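Here is the structure we will look at, set down as structure tokens.
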Amino acid sequence: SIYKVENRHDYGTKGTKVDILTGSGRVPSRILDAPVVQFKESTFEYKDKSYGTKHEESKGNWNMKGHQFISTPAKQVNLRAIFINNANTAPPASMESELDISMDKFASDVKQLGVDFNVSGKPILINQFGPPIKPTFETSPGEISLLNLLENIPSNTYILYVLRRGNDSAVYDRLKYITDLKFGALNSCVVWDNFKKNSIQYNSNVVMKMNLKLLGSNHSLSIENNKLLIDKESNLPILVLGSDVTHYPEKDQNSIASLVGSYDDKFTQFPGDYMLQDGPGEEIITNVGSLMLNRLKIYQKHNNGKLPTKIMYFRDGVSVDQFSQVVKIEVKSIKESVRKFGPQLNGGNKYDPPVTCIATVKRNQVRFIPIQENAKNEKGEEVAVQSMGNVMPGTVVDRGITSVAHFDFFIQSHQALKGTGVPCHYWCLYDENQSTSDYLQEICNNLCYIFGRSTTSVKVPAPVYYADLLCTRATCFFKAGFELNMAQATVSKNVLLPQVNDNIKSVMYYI
RNA sequence: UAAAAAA
């Protein structure tokens, strides 16, 4: 009666009813409505129409043309290009002016979205940048030059690394290791053969990430939709968390866990922390609660000294047979850690916020095949229930192929732009918040529409995607230092996986 | 490492 895996409360009821085909036969589905997507001065709400004019392909699939980001830097930001020549030849003689041209087109392209960059600083060429060579290691000459550049970097400066060659993880890992972890300097990478095309769409996507790193907001959900994630009794936004674990960043190495968290009622920013797990292939985040301290601190700064009164914990990267341990270990770790941290932050008062835990499995064998083009929606209209040859986003299935006793459901929240879409499999593993299937399914689906670097609803709620990306970035850090850490060996966690510079601990540097 | 999607 404490820390047991939740049993099913109910089934969902909302949305357009239509049967779909799966590998285990025909099954009833419901299609949930999209939330209202919010831009600076306009919204996008998908509204049902009949199949036949491709209206349906716009659900969960918009673009920024004619729109502006909700929140951008109030002051012009300096944008410094650093060309990382990760080849053994000099770049072509045309590159210098081609890069100037691309930087100028970039700045004017993204001004239209509300981001004002100054790109007058001449681009800087760095040769011979790479991992330390050849135990003893000599720092690459490029890293020496870049290290000197970073210590001298003017303030209010965003770095654009322009990579001569893509698909170079050793160079990319080290760039992030130096720039994120050592210096905490804001930066994005761009593959030159892409950037040089001067595409407004490419530039618009690139700056989505920059704007987030600059603490901006691109799109969000409407105020009406965000009420779903606000505790009515306290009028305080729910603290939404995402965690992931990744395994074997190098062979036989300890796993890496991450925990990201929201901090206001817009859910546009998810800073996070990572840590090295205790052993290899370790799926349970034993000390996840230790990562809660910064989630609470950041939340508190944005809510006038208040701690959250509800916590929503999305857990990714987990096997079905580990669910019991997720609750008995990780949920317990969250409640016990905040029991300790809360009083340190709220002036010494008891702190025991109710937790809901939801586990996601996004790679599974289930596929949903549409049977009809139209079905009757809740207004009585005949309306598209498939898009791009796939079931409508977000088709929910919580009957037939799901557990009766356990609290699970599928949602296919995204457009299948290619291939056959894969639905996300969700489990509510723990819930102290009296959550119904309709409430949880709406939240899960809604949270797919605020992944801040895409103009689409993604296949898994944004906290999960964010946590996955932070684990991947933490793996970059582990890998960039691993060769040296092996040569001079066990090695402590903080040496294998040092914590990122305090400058960016509250920044979505991983996006 | 533009981005979602798919593998």
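Every chain is numbered from 1, with letters handed out A, B, ... down the list of sequences. Side-chain atoms are counted along with the backbone in the values below, which use heavy atoms only and exclude waters and symmetry mates.
- With respect to A:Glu57 and A:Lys54, a salt bridge is recorded, a charged nitrogen being found less than 4.0 Å from a carboxylate O.
- Under 4.0 Å is where a charged nitrogen must lie from a carboxylate oxygen, and between A:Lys122 and A:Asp100 at least one such pair does.
- Considering only side-chain N and O atoms, A:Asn194 lies under 4.0 angstrom from the phosphate OP1 or OP2 of B:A2.
- Taking atom CH2 of A:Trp62 as the reference point, atom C1' of B:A3 lies 12 Å away to the nearest angstrom.
- Between A:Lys209 and the phosphate of B:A3, there is a side-chain N or O to OP1/OP2 separation shorter than 4.0 Å.
- Ion pairing between a basic and an acidic side chain is recognised when a charged N comes within 4.0 Å of a carboxylate O; A:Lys49 and A:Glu56 show no such pairing.
- Salt-bridge check for A:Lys14 with A:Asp33: failed, with every basic side-chain N at 4.0 Å or more from each acidic carboxylate O.
- What separates CG of A:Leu212 from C1' of B:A2 is a distance of 13 Å, to the nearest Å.
- Atom CE of A:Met103 and atom P of B:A2 are 14 Å apart (whole Å).
- Listed by first and then second residue, the side chain to side chain donor-acceptor pair (under 3.5 Å) pairs that reach into residues 190-201 of chain A are A:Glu98-A:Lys196, A:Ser102-A:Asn198, sequence neighbours excluded.
- Atom CD1 in A:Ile511 sits about 14 Å away from atom P in B:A2, given to the nearest Å.
- For A:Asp168, the side chain to side chain donor-acceptor pair (under 3.5 Å) test picks out A:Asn86, with sequence neighbours left out.
- Rounded to whole Å, atom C1' of B:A2 lies 14 Å from atom CG of A:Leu79.
- The stretch residues 197-207 of chain A touches RNA chain B through A:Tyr202, A:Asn205, A:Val206, each having a heavy atom within less than 4.0 Å of the strand.
- Protein atom CG of A:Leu163 is 8 Å distant from nucleotide atom P of B:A2, rounded to whole Å.
- Within the nucleic acid shown, A:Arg367 comes within 4.0 Å of sugar-phosphate atoms alone, with no base atom in reach, counting heavy atoms only.
- Against RNA chain B, the stretch residues 444-477 of chain A makes heavy-atom approaches under 4.0 Å through A:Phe451, A:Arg453, A:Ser454, A:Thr456, A:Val458, A:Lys459, A:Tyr465.
- Listed by chain and number, the residues in a side chain to side chain donor-acceptor pair (under 3.5 Å) with A:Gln499 are A:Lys505 (sequence neighbours excluded).
- A:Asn445 meets the side chain to side chain donor-acceptor pair (under 3.5 Å) test with no other residue; sequence neighbours excluded.
- Side-chain proximity of A:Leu417 to B:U1, B:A6, B:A4: nearest is B:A4.
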Under the salt bridge (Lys or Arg N to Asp or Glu O under 4.0 Å) criterion, do A:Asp48 and A:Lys59 qualify, and how do the steps go?
CA-CA 9 Å; A:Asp48 285 338; A:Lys59 189 179 185 184; 5.4 Å; no
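- Using a 4.0 Å heavy-atom cutoff across all strands shown, A:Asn61 reaches no nucleic acid atom at all.
- As rounded to whole Å, 14 Å separates atom P of B:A3 from atom OH of A:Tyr510.
- Atom CG in A:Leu160 sits roughly 9 Å away from atom P in B:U1 (whole-Å rounding).
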